[PDB]
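So that we are looking at the same thing, I have put the structure below in structure tokens.
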Amino acid sequence: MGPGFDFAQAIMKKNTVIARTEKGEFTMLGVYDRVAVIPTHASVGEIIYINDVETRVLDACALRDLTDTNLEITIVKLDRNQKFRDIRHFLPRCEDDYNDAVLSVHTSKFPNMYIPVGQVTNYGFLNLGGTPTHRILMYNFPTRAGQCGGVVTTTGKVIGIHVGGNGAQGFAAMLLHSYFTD
């Protein structure tokens with residue numbers, strides 16, 4: 001409907017796949033080459049389904065900060081025959097607050113879903129499903145089961161992936177440029 005939704009759609013159309021693990025179906029953001037991200041609670045194994053195709057996982061790393069605290073982001077390298085468009089130049093370099101964000105989800109349950117979540121707070125610490133977690137973004141929207149891995153964007157930035165909610169608020173893990181240097 002406007003420039004926020006336009007940027008979100010451009011990311012969804014070229015840089016997302018549907019990932020299935022034994023823990024469910026997730027929106028998965030491709031970042032560059034064969035490297036993608038997913039919430040750590042997806043419990044990625046040696047094999048994953050990518051758009052319902054059996055795919056070997058070449059590498060998977062559950063990120064933690066230097067205090068050894070969960071960040072809830074797993075970086076996955078996929079044995080896929082095609083590279084993602086490189087979107088690393090849309091990733092923020094530092095922790096920040098944002099105005100006017102969109103959360104976008106693409107799964108069998110929620111295809112082509114876009115939610116204007118509004119203001120995004122650098123919340124920091126969250127006890128997420130019992131697990132102490134850092135670098136959490138918060139937005140005041142009643143997100144639900146099925147949105148995990150959803151991409152959070154502003155115009156021109158990809159800022160996070162949805163990892164949970166409490167019924168009134170939703171929470172995303174930050175994406176930072178420094179996670180994807182090579």
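Ideal geometry is used to build each Cβ from the backbone, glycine not excepted, and the neighbour counts take in all protein chains shown. Only the coordinates and a few stated rules stand behind these numbers; no lab work does.
Kindly provide the set of residues from the range 151-175 that are touching a helix residue (DSSP H, G or I) at 6+ places or on another chain (Cβ under 9 Å) and closer than 15 Å to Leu126 by Cα, ordered by number.
Correct list: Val163, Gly164, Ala173.
Under 8 Å between Cβ atoms, at least 6 apart or on separate chains: pull out the pairs that start in the range 52-66 with a residue that is within 22 Å of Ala173 (Cβ to Cβ) and end on any residue that is exposed (fewer than 11 other Cβ atoms within 10 Å of the Cβ).
Taking only residues 6 or more apart or on different chains, the pairs are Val57/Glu46.
Next question. Please give the number of the condition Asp100 fails out of (1) surrounded by 14 or more Cβ atoms within 10 Å (Cβ to Cβ); (2) under 18 Å from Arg34 (Cβ atoms).
(2)
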